[PDB]
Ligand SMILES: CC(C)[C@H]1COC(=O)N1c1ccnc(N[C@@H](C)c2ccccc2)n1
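First, one chain by itself: the form deposited without the named molecule, in structure tokens.
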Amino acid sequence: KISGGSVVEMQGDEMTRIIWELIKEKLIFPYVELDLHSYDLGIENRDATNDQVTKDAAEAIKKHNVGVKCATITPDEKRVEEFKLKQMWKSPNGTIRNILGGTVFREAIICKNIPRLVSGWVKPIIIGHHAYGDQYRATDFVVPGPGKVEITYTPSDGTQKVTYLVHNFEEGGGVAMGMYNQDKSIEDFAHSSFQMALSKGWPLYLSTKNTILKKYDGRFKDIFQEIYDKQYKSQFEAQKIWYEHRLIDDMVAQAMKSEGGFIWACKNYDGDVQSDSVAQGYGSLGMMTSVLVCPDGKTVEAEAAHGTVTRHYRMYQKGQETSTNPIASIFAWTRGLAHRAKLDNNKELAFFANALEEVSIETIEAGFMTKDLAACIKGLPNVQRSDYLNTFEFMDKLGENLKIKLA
């Protein structure tokens, strides 16, 4: 009945797919009508269309400014045999992120009754990681035997091509890889980082390994520092916050013993990994939001940070009972819809967005939660069946709670 606007939706795989459908059936569709542009990133369909469906979904997001994505399978060899795939398709996440660009901001979803693994974290940690380039765009290969691996730069302006020696393999083979990043993208990431910091009133840290990657990482470090000095510094001081670069070793240690309450700017690989470390440290991988904010200020893709949860899905196929946390998948929808509402100045969509979220927190805070969350309070071995609901029960319960509150 509520008029949503246009949303790009990406369907995914395995356990998350199951959950994705439950969320549309019970939390979204009964209450909200949309111009839904649906792309199926299920791995069967991606194989069928030779991954073209993925490039299509990314373009759709540019047009419509808003995307909600279910977790997908990125195939290695086992996966190729499993689904009889054409080939080892690349990560859709990496494909879409590289086309859209921007910064991925992740943040735990906090309930008051859910204890943390790490004692100190009483304030949020917001991770914003660079979406573009590096490992997702890397070229890696097997080195078959002895020989020489080199990397070369040929300037477009006709001046001398430059060649560096990567390694001389003199005994057997191995592996080698090239990767890159772009100044403009890195600039965008710096501004997005400083702006999020000002926005929250929290200090900003950048982590790199510039002592080791002196040129590659030093470039991130320099770009951040240049832009800070020229463009944000006084505004930081005015708010009594700060920016500082830290080596990645020190940062992860610092973060661990911290009391939280900062923005953590990461390179792509570190953002990907440290975001799992942090979600789990607050409680669970089901309790983290993830939004890609594009450089335009306008476009957004929301998702759950975690994967398809194949381990739980395997039980589901064997007919056994499961308890998977859908909270993150649900916030992919509320964050996306929130943004849609703010774009269109849709007063009611915004209301629904925020309702489903407080409904989610309120349900867990009343004592209805999936197995992972009960494990947080009790310790896994002390958890009994009466302590949690299963995937379907819990979805139903949120469903009836949404009913009551919207009514």
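A residue's number is simply how far along the shown sequence it sits, counting from 1. Each form is matched to the other, and the largest set of C-alpha atoms that superpose within 1.5 Å is called the rigid core.
There is another form of this protein, the form deposited with the named molecule bound, and it is not shown here; the text below is about that form.
Counting 3 or more ligand atoms within 2.4 Å of any backbone or C-beta atom as blocked, would the named molecule, superposed onto this chain from where it sits in the bound PDB entry, find the site open or blocked? Judged by the transferred pose of the named molecule in the bound PDB entry, this form is blocked (3 or more ligand atoms within 2.4 Å of backbone or C-beta).
Any chance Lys148 has a heavy atom within 4.5 Å of the named molecule in the bound PDB entry? Contact with the named molecule, no.
Does the 4.5 Å heavy atom contact test between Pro124 and the named molecule in the bound PDB entry come out positive? So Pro124 counts as contacting the named molecule.
Consider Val118 of the chain shown here, and say whether it contacts the named molecule in the bound PDB entry, taking contact as heavy atoms within 4.5 Å. The answer is yes: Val118 has a heavy atom within 4.5 Å of the named molecule.
Might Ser275 be said to contact the named molecule in the bound PDB entry, defining contact as any heavy atom within 4.5 Å? Result yes; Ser275 sits at the interface with the named molecule in the bound PDB entry.
Whether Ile330, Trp333 and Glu357 all lie within 4.5 angstroms of the named molecule in the bound PDB entry by heavy atom: No, none of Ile330, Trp333 and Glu357 comes within 4.5 Å of the named molecule in the bound PDB entry.
Proximity to the named molecule in the bound PDB entry, single hit among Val293, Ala279, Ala197, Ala190 (heavy atom within 4.5 Å): Exactly one residue meets the criterion: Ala279.
Exactly one of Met288, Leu337, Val300, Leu204 has a non-hydrogen atom within 4.5 Å of the named molecule in the bound PDB entry; which residue is it? Answer to the contact question: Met288.
Options 140-148, 157-165, 110-118, 216-224; stretch whose heavy atom lies within 4.5 Å of the named molecule in the bound PDB entry: The contacting stretch is 110-118.
Rigid-core-referenced C-alpha movement of 2 Å or more between this form and the one not shown, selected from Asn113, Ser91, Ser119, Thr310: Shifted by 2 Å or more: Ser119 only.
Did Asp229 shift 2 Å or more between this form and the one not shown, C-alpha, core superposed: Yes.
Rigid core superposed, CA of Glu259 - does it shift 2 Å or more between this form and the one not shown? Shift of 2 Å or more: yes.
For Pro144, decide whether the Cα shift between this form and the one not shown is 2 Å or greater, given a superposition on the rigid core. Indeed, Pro144 is displaced by 2 Å or more.
Given that the CA-CA distance for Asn50 and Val175 shifts by 3 Å or more in the bound PDB entry, does it become closer or farther? Farther apart, by at least 3 Å.
Where do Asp217 and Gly94 end up in the bound PDB entry, Cα atoms closer or farther than shown, with a change of 3 Å or more? It is farther: the C-alpha separation of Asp217 and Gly94 rises by at least 3 Å in the bound PDB entry.
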